[PDB]
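A.B. asks: Input file: protein_25.cif. Contents: mmCIF, C-alpha atoms; chains and numbers go by the auth columns.
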data_final
#
loop_
_atom_site.group_PDB
_atom_site.id
_atom_site.type_symbol
_atom_site.label_atom_id
_atom_site.label_comp_id
_atom_site.label_asym_id
_atom_site.label_seq_id
_atom_site.Cartn_x
_atom_site.Cartn_y
_atom_site.Cartn_z
_atom_site.B_iso_or_equiv
_atom_site.auth_seq_id
_atom_site.auth_asym_id
ATOM 1 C CA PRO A 1 92.336 3.325 132.201 0.00 1 A
ATOM 2 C CA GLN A 2 90.557 0.672 134.220 0.00 2 A
ATOM 3 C CA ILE A 3 90.051 -2.537 132.236 0.00 3 A
ATOM 4 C CA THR A 4 87.568 -5.099 133.529 0.00 4 A
ATOM 5 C CA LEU A 5 88.022 -8.803 132.910 0.00 5 A
ATOM 6 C CA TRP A 6 84.548 -9.888 131.719 0.00 6 A
ATOM 7 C CA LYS A 7 86.102 -10.176 128.264 0.00 7 A
ATOM 8 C CA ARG A 8 89.674 -10.722 127.090 0.00 8 A
ATOM 9 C CA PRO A 9 91.628 -7.533 127.822 0.00 9 A
ATOM 10 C CA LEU A 10 92.477 -6.745 124.210 0.00 10 A
ATOM 11 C CA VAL A 11 94.096 -3.431 123.321 0.00 11 A
ATOM 12 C CA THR A 12 95.493 -1.710 120.252 0.00 12 A
ATOM 13 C CA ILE A 13 99.271 -1.656 119.992 0.00 13 A
ATOM 14 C CA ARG A 14 101.546 0.076 117.488 0.00 14 A
ATOM 15 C CA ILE A 15 104.873 -1.350 116.411 0.00 15 A
ATOM 16 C CA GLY A 16 106.587 0.793 113.786 0.00 16 A
ATOM 17 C CA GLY A 17 103.405 1.834 111.996 0.00 17 A
ATOM 18 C CA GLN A 18 102.029 -1.705 112.051 0.00 18 A
ATOM 19 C CA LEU A 19 99.061 -1.647 114.410 0.00 19 A
ATOM 20 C CA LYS A 20 97.735 -4.860 115.929 0.00 20 A
ATOM 21 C CA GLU A 21 95.578 -6.012 118.812 0.00 21 A
ATOM 22 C CA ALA A 22 97.195 -7.660 121.820 0.00 22 A
ATOM 23 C CA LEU A 23 96.123 -9.280 125.082 0.00 23 A
ATOM 24 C CA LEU A 24 97.219 -7.581 128.323 0.00 24 A
ATOM 25 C CA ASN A 25 98.571 -10.679 130.032 0.00 25 A
ATOM 26 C CA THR A 26 99.755 -10.690 133.651 0.00 26 A
ATOM 27 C CA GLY A 27 100.398 -14.421 133.300 0.00 27 A
ATOM 28 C CA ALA A 28 103.152 -13.852 130.718 0.00 28 A
ATOM 29 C CA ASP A 29 106.764 -13.069 131.641 0.00 29 A
ATOM 30 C CA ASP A 30 107.518 -11.895 128.104 0.00 30 A
ATOM 31 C CA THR A 31 105.795 -10.128 125.228 0.00 31 A
ATOM 32 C CA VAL A 32 105.068 -12.296 122.186 0.00 32 A
ATOM 33 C CA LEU A 33 103.764 -11.205 118.820 0.00 33 A
ATOM 34 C CA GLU A 34 102.815 -13.185 115.735 0.00 34 A
ATOM 35 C CA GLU A 35 104.199 -12.656 112.218 0.00 35 A
ATOM 36 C CA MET A 36 106.419 -9.632 111.944 0.00 36 A
ATOM 37 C CA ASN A 37 109.826 -8.985 110.438 0.00 37 A
ATOM 38 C CA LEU A 38 111.238 -6.325 112.731 0.00 38 A
ATOM 39 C CA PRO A 39 114.752 -4.836 112.559 0.00 39 A
ATOM 40 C CA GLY A 40 118.004 -5.742 114.294 0.00 40 A
ATOM 41 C CA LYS A 41 119.782 -8.725 115.787 0.00 41 A
ATOM 42 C CA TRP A 42 117.633 -11.588 117.083 0.00 42 A
ATOM 43 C CA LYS A 43 118.362 -14.658 119.223 0.00 43 A
ATOM 44 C CA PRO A 44 116.425 -17.937 119.204 0.00 44 A
ATOM 45 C CA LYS A 45 114.473 -18.708 122.382 0.00 45 A
ATOM 46 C CA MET A 46 112.004 -21.316 123.652 0.00 46 A
ATOM 47 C CA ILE A 47 108.975 -20.162 125.632 0.00 47 A
ATOM 48 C CA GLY A 48 106.548 -22.400 127.457 0.00 48 A
ATOM 49 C CA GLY A 49 102.812 -22.350 128.058 0.00 49 A
ATOM 50 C CA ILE A 50 99.997 -24.767 128.685 0.00 50 A
ATOM 51 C CA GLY A 51 100.620 -27.414 126.033 0.00 51 A
ATOM 52 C CA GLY A 52 104.397 -27.099 125.753 0.00 52 A
ATOM 53 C CA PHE A 53 106.976 -24.826 124.153 0.00 53 A
ATOM 54 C CA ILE A 54 107.297 -22.720 121.019 0.00 54 A
ATOM 55 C CA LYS A 55 110.437 -21.349 119.346 0.00 55 A
ATOM 56 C CA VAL A 56 110.531 -17.595 118.959 0.00 56 A
ATOM 57 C CA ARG A 57 112.937 -14.864 117.908 0.00 57 A
ATOM 58 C CA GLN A 58 113.953 -12.488 120.686 0.00 58 A
ATOM 59 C CA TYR A 59 114.397 -8.821 119.713 0.00 59 A
ATOM 60 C CA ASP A 60 115.623 -6.318 122.308 0.00 60 A
ATOM 61 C CA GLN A 61 114.959 -2.584 122.757 0.00 61 A
ATOM 62 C CA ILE A 62 111.913 -2.512 120.474 0.00 62 A
ATOM 63 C CA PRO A 63 109.481 0.438 120.718 0.00 63 A
ATOM 64 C CA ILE A 64 105.794 -0.388 121.159 0.00 64 A
ATOM 65 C CA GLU A 65 102.981 2.075 121.792 0.00 65 A
ATOM 66 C CA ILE A 66 100.227 0.709 124.076 0.00 66 A
ATOM 67 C CA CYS A 67 97.123 2.892 124.507 0.00 67 A
ATOM 68 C CA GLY A 68 99.181 6.084 124.126 0.00 68 A
ATOM 69 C CA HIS A 69 101.891 4.801 126.491 0.00 69 A
ATOM 70 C CA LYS A 70 105.460 4.493 125.263 0.00 70 A
ATOM 71 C CA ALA A 71 107.016 1.077 125.850 0.00 71 A
ATOM 72 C CA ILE A 72 110.475 -0.072 124.775 0.00 72 A
ATOM 73 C CA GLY A 73 111.841 -3.531 125.530 0.00 73 A
ATOM 74 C CA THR A 74 112.207 -7.157 124.520 0.00 74 A
ATOM 75 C CA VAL A 75 109.706 -8.463 121.969 0.00 75 A
ATOM 76 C CA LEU A 76 109.476 -12.117 121.020 0.00 76 A
ATOM 77 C CA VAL A 77 108.253 -13.159 117.579 0.00 77 A
ATOM 78 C CA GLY A 78 106.777 -16.566 116.818 0.00 78 A
ATOM 79 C CA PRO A 79 103.722 -18.789 116.273 0.00 79 A
ATOM 80 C CA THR A 80 101.717 -17.555 119.231 0.00 80 A
ATOM 81 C CA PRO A 81 97.965 -18.043 118.660 0.00 81 A
ATOM 82 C CA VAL A 82 97.277 -14.541 120.072 0.00 82 A
ATOM 83 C CA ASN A 83 99.494 -11.439 120.466 0.00 83 A
ATOM 84 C CA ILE A 84 100.480 -10.989 124.114 0.00 84 A
ATOM 85 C CA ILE A 85 101.728 -7.995 126.111 0.00 85 A
ATOM 86 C CA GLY A 86 103.713 -9.419 128.996 0.00 86 A
ATOM 87 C CA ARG A 87 104.912 -8.170 132.375 0.00 87 A
ATOM 88 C CA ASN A 88 108.144 -6.857 130.850 0.00 88 A
ATOM 89 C CA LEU A 89 106.090 -4.131 129.124 0.00 89 A
ATOM 90 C CA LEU A 90 103.052 -3.976 131.414 0.00 90 A
ATOM 91 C CA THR A 91 105.417 -2.691 134.129 0.00 91 A
ATOM 92 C CA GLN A 92 106.747 0.076 131.862 0.00 92 A
ATOM 93 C CA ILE A 93 103.247 1.518 131.370 0.00 93 A
ATOM 94 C CA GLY A 94 102.289 1.398 135.066 0.00 94 A
ATOM 95 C CA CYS A 95 99.786 -1.453 134.834 0.00 95 A
ATOM 96 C CA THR A 96 98.598 -3.056 138.080 0.00 96 A
ATOM 97 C CA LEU A 97 96.068 -5.636 139.241 0.00 97 A
ATOM 98 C CA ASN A 98 93.617 -4.184 141.732 0.00 98 A
ATOM 99 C CA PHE A 99 90.936 -5.758 143.888 0.00 99 A
ATOM 100 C CA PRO B 1 95.188 -5.060 147.351 0.00 1 B
ATOM 101 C CA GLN B 2 97.178 -3.635 144.464 0.00 2 B
ATOM 102 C CA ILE B 3 99.663 -5.993 142.874 0.00 3 B
ATOM 103 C CA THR B 4 102.445 -4.656 140.657 0.00 4 B
ATOM 104 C CA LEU B 5 104.040 -6.714 137.937 0.00 5 B
ATOM 105 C CA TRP B 6 107.818 -6.475 138.449 0.00 6 B
ATOM 106 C CA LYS B 7 107.415 -10.015 139.764 0.00 7 B
ATOM 107 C CA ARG B 8 104.940 -12.783 138.934 0.00 8 B
ATOM 108 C CA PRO B 9 101.517 -12.101 140.561 0.00 9 B
ATOM 109 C CA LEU B 10 101.572 -15.261 142.648 0.00 10 B
ATOM 110 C CA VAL B 11 99.094 -15.324 145.526 0.00 11 B
ATOM 111 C CA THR B 12 97.961 -17.844 148.092 0.00 12 B
ATOM 112 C CA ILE B 13 94.625 -19.514 147.448 0.00 13 B
ATOM 113 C CA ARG B 14 92.592 -21.818 149.641 0.00 14 B
ATOM 114 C CA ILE B 15 90.695 -24.688 148.086 0.00 15 B
ATOM 115 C CA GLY B 16 89.339 -27.775 149.872 0.00 16 B
ATOM 116 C CA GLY B 17 91.165 -26.606 152.990 0.00 17 B
ATOM 117 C CA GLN B 18 94.428 -26.810 151.018 0.00 18 B
ATOM 118 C CA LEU B 19 96.716 -23.805 150.572 0.00 19 B
ATOM 119 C CA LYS B 20 98.342 -23.324 147.168 0.00 20 B
ATOM 120 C CA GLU B 21 100.212 -20.629 145.267 0.00 21 B
ATOM 121 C CA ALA B 22 98.530 -19.483 142.057 0.00 22 B
ATOM 122 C CA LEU B 23 99.207 -16.971 139.319 0.00 23 B
ATOM 123 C CA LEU B 24 96.726 -14.155 138.717 0.00 24 B
ATOM 124 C CA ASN B 25 96.496 -14.432 134.937 0.00 25 B
ATOM 125 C CA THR B 26 94.560 -11.935 132.805 0.00 26 B
ATOM 126 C CA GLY B 27 95.608 -13.953 129.733 0.00 27 B
ATOM 127 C CA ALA B 28 93.573 -16.977 130.791 0.00 28 B
ATOM 128 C CA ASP B 29 89.818 -17.242 130.227 0.00 29 B
ATOM 129 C CA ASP B 30 89.589 -20.110 132.721 0.00 30 B
ATOM 130 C CA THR B 31 91.161 -21.208 135.987 0.00 31 B
ATOM 131 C CA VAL B 32 93.539 -24.199 135.786 0.00 32 B
ATOM 132 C CA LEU B 33 95.157 -25.970 138.752 0.00 33 B
ATOM 133 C CA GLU B 34 97.812 -28.648 138.842 0.00 34 B
ATOM 134 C CA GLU B 35 96.709 -32.238 139.333 0.00 35 B
ATOM 135 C CA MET B 36 94.742 -32.599 142.549 0.00 36 B
ATOM 136 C CA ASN B 37 91.658 -34.350 143.906 0.00 37 B
ATOM 137 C CA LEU B 38 88.413 -32.395 144.050 0.00 38 B
ATOM 138 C CA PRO B 39 85.019 -33.829 144.949 0.00 39 B
ATOM 139 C CA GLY B 40 81.807 -33.926 142.924 0.00 40 B
ATOM 140 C CA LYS B 41 81.449 -34.962 139.307 0.00 41 B
ATOM 141 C CA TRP B 42 83.668 -33.570 136.590 0.00 42 B
ATOM 142 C CA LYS B 43 83.467 -33.365 132.806 0.00 43 B
ATOM 143 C CA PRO B 44 86.424 -34.154 130.560 0.00 44 B
ATOM 144 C CA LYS B 45 87.510 -31.007 128.710 0.00 45 B
ATOM 145 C CA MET B 46 90.170 -29.792 126.282 0.00 46 B
ATOM 146 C CA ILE B 47 91.865 -26.401 126.490 0.00 47 B
ATOM 147 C CA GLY B 48 94.637 -24.639 124.577 0.00 48 B
ATOM 148 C CA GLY B 49 97.500 -22.205 125.127 0.00 49 B
ATOM 149 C CA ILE B 50 100.737 -20.999 123.534 0.00 50 B
ATOM 150 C CA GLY B 51 102.005 -24.551 122.844 0.00 51 B
ATOM 151 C CA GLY B 52 98.674 -26.203 121.975 0.00 52 B
ATOM 152 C CA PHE B 53 95.887 -28.222 123.608 0.00 53 B
ATOM 153 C CA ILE B 54 95.682 -30.265 126.835 0.00 54 B
ATOM 154 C CA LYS B 55 93.180 -32.587 128.538 0.00 55 B
ATOM 155 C CA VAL B 56 91.714 -31.380 131.837 0.00 56 B
ATOM 156 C CA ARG B 57 88.910 -32.230 134.270 0.00 57 B
ATOM 157 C CA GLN B 58 86.225 -29.602 134.694 0.00 58 B
ATOM 158 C CA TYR B 59 84.680 -29.064 138.124 0.00 59 B
ATOM 159 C CA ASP B 60 81.774 -26.644 138.415 0.00 60 B
ATOM 160 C CA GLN B 61 80.702 -24.420 141.312 0.00 61 B
ATOM 161 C CA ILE B 62 83.854 -24.937 143.380 0.00 62 B
ATOM 162 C CA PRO B 63 84.568 -22.531 146.252 0.00 63 B
ATOM 163 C CA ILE B 64 88.043 -20.929 146.250 0.00 64 B
ATOM 164 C CA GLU B 65 89.423 -18.104 148.408 0.00 65 B
ATOM 165 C CA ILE B 66 91.915 -15.876 146.657 0.00 66 B
ATOM 166 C CA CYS B 67 93.855 -13.506 148.934 0.00 67 B
ATOM 167 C CA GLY B 68 90.901 -13.859 151.308 0.00 68 B
ATOM 168 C CA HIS B 69 88.330 -12.991 148.616 0.00 69 B
ATOM 169 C CA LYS B 70 85.686 -15.683 148.108 0.00 70 B
ATOM 170 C CA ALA B 71 84.799 -17.109 144.714 0.00 71 B
ATOM 171 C CA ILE B 72 82.663 -20.030 143.591 0.00 72 B
ATOM 172 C CA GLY B 73 83.021 -21.169 140.008 0.00 73 B
ATOM 173 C CA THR B 74 84.586 -23.425 137.450 0.00 74 B
ATOM 174 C CA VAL B 75 87.965 -24.937 138.126 0.00 75 B
ATOM 175 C CA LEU B 76 89.863 -27.057 135.613 0.00 76 B
ATOM 176 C CA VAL B 77 92.456 -29.537 136.803 0.00 77 B
ATOM 177 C CA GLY B 78 95.220 -30.958 134.646 0.00 78 B
ATOM 178 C CA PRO B 79 98.850 -30.584 133.486 0.00 79 B
ATOM 179 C CA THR B 80 99.213 -26.810 133.717 0.00 80 B
ATOM 180 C CA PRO B 81 102.803 -25.576 134.249 0.00 81 B
ATOM 181 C CA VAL B 82 101.629 -23.507 137.218 0.00 82 B
ATOM 182 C CA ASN B 83 98.376 -22.954 139.118 0.00 83 B
ATOM 183 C CA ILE B 84 96.489 -20.278 137.206 0.00 84 B
ATOM 184 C CA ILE B 85 93.638 -18.056 138.327 0.00 85 B
ATOM 185 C CA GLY B 86 91.771 -16.927 135.213 0.00 86 B
ATOM 186 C CA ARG B 87 89.239 -14.264 134.299 0.00 87 B
ATOM 187 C CA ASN B 88 86.238 -16.375 135.355 0.00 88 B
ATOM 188 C CA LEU B 89 87.308 -15.999 139.017 0.00 89 B
ATOM 189 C CA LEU B 90 89.191 -12.707 138.721 0.00 90 B
ATOM 190 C CA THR B 91 85.913 -11.045 137.832 0.00 91 B
ATOM 191 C CA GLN B 92 84.238 -12.641 140.828 0.00 92 B
ATOM 192 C CA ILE B 93 86.759 -11.089 143.278 0.00 93 B
ATOM 193 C CA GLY B 94 86.490 -7.685 141.563 0.00 94 B
ATOM 194 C CA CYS B 95 89.928 -7.723 139.981 0.00 95 B
ATOM 195 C CA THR B 96 90.761 -5.189 137.261 0.00 96 B
ATOM 196 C CA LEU B 97 93.791 -4.013 135.301 0.00 97 B
ATOM 197 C CA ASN B 98 94.717 -0.379 135.871 0.00 98 B
ATOM 198 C CA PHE B 99 97.223 2.032 134.406 0.00 99 B
ATOM 199 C CA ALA C 1 89.002 -22.194 126.663 0.00 2 C
ATOM 200 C CA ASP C 2 92.181 -20.203 125.928 0.00 3 C
ATOM 201 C CA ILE C 3 94.918 -19.823 128.542 0.00 4 C
ATOM 202 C CA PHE C 4 97.988 -17.756 127.583 0.00 5 C
ATOM 203 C CA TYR C 5 100.348 -18.380 130.434 0.00 6 C
ATOM 204 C CA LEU C 6 103.907 -17.920 129.115 0.00 7 C
ATOM 205 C CA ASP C 7 107.132 -18.989 130.816 0.00 8 C
ATOM 206 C CA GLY C 8 110.000 -17.127 129.174 0.00 9 C
#
Would you mind writing the file out in structure tokens?

C.D. replies:
Amino acid sequence: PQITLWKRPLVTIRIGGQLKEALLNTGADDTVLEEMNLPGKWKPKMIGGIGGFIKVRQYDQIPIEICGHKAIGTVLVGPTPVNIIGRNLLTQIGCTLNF
Amino acid sequence: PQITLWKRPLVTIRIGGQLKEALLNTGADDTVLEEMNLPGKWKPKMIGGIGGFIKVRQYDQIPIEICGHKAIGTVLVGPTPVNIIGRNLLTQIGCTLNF
Amino acid sequence: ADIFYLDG
């Protein structure tokens, strides 16, 4: 696709049959989702934005389908105000900025 | 150009004859620069991100060149972790996300 | 007024 930036670039993502809407975010190193109890080992982590840091759980090798594209990688879970697809997964699906 | 996302999308911008590095950030509605002096009036403003809300100074109709592409719009200045080019100016330079 | 920069 080509996604313009007049509005927030929100897309539908699937994680294990739970389907949520996430922001395609070139400003984010990592991918961060709100509220979900996903499987496997997790490690505490602190991630920073405007305003300061939040504590999240880091899960590795997690499948996520983004607009029909298969992504697998590190997913952080914590009290993010919006779900965010970061560069770790944007790269996997071939996403670029173009102007 | 086309910018891939294996690394942070940091580009050189020119504002007030000053060169700075800024992050092309599709996750930001607005453009936020680290503390600097800009002319004209400004309006106090509050914005939020992953770790809450900050105070910034809002300057309107400010010219900025991003990778040579000219924009004129709103620029917020305050305690951002990094200089951030947001959707308000990304749209002006014709920037889209593509995959 | 929402800016989701994230430094992991």

A.B. asks: Please evaluate the PyMOL selection byres ((chain A and resi 64-69) around 12) against the displayed coordinates and give the resulting residues as a ChimeraX atom specification.

C.D. replies: /A:1-3,10-24,31-33,38,60-63,70-75,84-86,88-95 /B:99

A.B. asks: Output the contact residues of chain B with respect to chain C at a cut-off of 7 Å, based on all atoms listed in the file, as a VMD selection string.

C.D. replies: chain B and resid 27 to 30 47 to 50

A.B. asks: So how many Å separate atom CA of residue 54 of chain B and atom CA of residue 76 of chain B, to one decimal?

C.D. replies: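 According to the coordinates, atom CA of residue 54 of chain B and atom CA of residue 76 of chain B are separated by 11.0 Å.
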
A.B. asks: Find the residue from B:46, B:97, B:78, B:41 that sits nearest to chain A; use all atoms listed in the file when measuring.

C.D. replies: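 Looking at the shortest contact to chain A, the residue is B:97.
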
A.B. asks: In terms of the shortest atom-to-atom distance over all atoms listed in the file, which of B:4, B:83, B:37, B:58 is closest to chain A?

C.D. replies: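 Checking each candidate against chain A, we get B:4 as the closest.
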
A.B. asks: Could you check which of A:34, A:44, A:7, A:56 is closest to chain B, using all atoms listed in the file?

C.D. replies: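 Selected residue with least distance to chain B: A:7.
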
A.B. asks: Could you put an axis-aligned box around every listed atom of chain C, padded by 5 Å on each side, and send me its centre and edge lengths in Å to one decimal, as lines of an AutoDock Vina configuration file?

C.D. replies:
center_x = 99.5
center_y = -19.7
center_z = 128.4
size_x = 31.0
size_y = 15.1
size_z = 14.9

A.B. asks: Separation of atom CA of residue 59 of chain A and atom CA of residue 39 of chain A, in Å?

C.D. replies: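 Between atom CA of residue 59 of chain A and atom CA of residue 39 of chain A the gap works out to 8.2 Å.
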
A.B. asks: If you measure from atom CA of residue 52 of chain B to atom CA of residue 6 of chain A, what distance in Å do you get, rounded to one decimal?

C.D. replies: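 Those two atoms sit 23.7 Å apart.
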
A.B. asks: Of the residues B:42, B:51, B:79, B:36, which is the one nearest to chain A, using all atoms listed in the file?

C.D. replies: B:51

A.B. asks: From the options B:9, B:25, B:35, B:57, which residue's atoms come nearest to chain A, counting only C-alpha atoms?

C.D. replies: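 Looking at the shortest contact to chain A, the residue is B:25.
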
A.B. asks: Using only C-alpha atoms, which of the listed residues (B:26, B:82, B:77, B:40) sits closest to chain A?

C.D. replies: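 Looking at the shortest contact to chain A, the residue is B:26.
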